[PDB]
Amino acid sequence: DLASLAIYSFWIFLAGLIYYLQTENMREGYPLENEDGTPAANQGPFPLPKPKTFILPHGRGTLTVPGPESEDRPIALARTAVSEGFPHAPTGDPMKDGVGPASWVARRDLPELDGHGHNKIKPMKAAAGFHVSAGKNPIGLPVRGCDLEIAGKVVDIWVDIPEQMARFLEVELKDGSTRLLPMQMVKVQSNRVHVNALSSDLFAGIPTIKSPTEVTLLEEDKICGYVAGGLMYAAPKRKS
């Protein structure tokens, strides 16, 4: 009857929907590759969807996906086995080389912009008149690493202007230069800011930004990847 027709139709619809959804979700990262970067023989049963194009605001261009995929950066890893499916060992210092959990993506070397075309993220000192509105103000506190040594001191908060949120702490090092630390990777305490991801000796290695009052998407990725990578790679210098 009509209910039988409804249910049968629904299942046909649902198969169609899942096919649509899976192929939509193949707009990045496909075709699949062998470990050497060449196209894999087996691409699975879903084909790539027809490309769509996103128009980016503020003259930044467009993005068309699916599109030719490439890392656009060297990857300092090598095989540890003679067959597919094993780990790839860092050929150098994985924190410096940006691989494993220290990885970064070659994102656009421009700052993310707000809806008005201004830099989305700014040091609070340059953001009129943004200020700490609740919680312990981290500015001025010593910054301790997982080796329990002081690596520097907080000199500003970098804030997301349209979303009114703390995004980074700016930390000045012993040599007077600064680095950005992701807000998600620090613990603000009463007398210090604690960073479990990095021992104090790794702070100098945090990727620097090219201009002192802005940060590009590329620079954010290198900074965040490097800091997260310390969880695995500074484990020898941590320490309860």
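When you see a residue number, it is the position in the sequence shown, counting from 1. Rigid core: the largest C-alpha set superposing within 1.5 Å between the two forms.
Visitor: Relative to this form, superposed by the core, which stretch has the greater CA RMS in 9 other deposited structures of this protein: 173-181 or 40-48?
Guide: The stretch that sits farther from the shown form in 9 other deposited structures of this protein is 40-48.
Visitor: Once the rigid core is lined up, would you tell me whether 103-111 or 71-79 has the higher RMS CA deviation in 9 other deposited structures of this protein?
Guide: Farther on average in 9 other deposited structures of this protein: 71-79.
Visitor: Among the modelled residues of its chain, does the C-alpha B-factor of residue 131 lie in the lowest, middle or highest third?
Guide: According to the entry, residue 131 has a C-alpha B-factor in the chain's middle third.
Visitor: Can you tell me which third, lowest, middle or highest, the CA B-factor of residue 61 falls into for its chain?
Guide: CA B-factor rank for residue 61: middle third.
Visitor: Taking the entry's C-alpha B-factors for this chain, is residue 27 in the lowest, middle or highest third?
Guide: Answer is lowest: the recorded C-alpha B-factor places it there.
Visitor: Sorting by Cα B-factor within the chain, modelled residues only, which third would residue 213 end up in: lowest, middle or highest?
Guide: For residue 213, whose C-alpha B-factor we compare with every modelled residue in the chain, the answer is the highest third.
Visitor: Mind checking which third residue 14 falls in for C-alpha B-factor across the chain?
Guide: For residue 14, whose C-alpha B-factor we compare with every modelled residue in the chain, the answer is the middle third.
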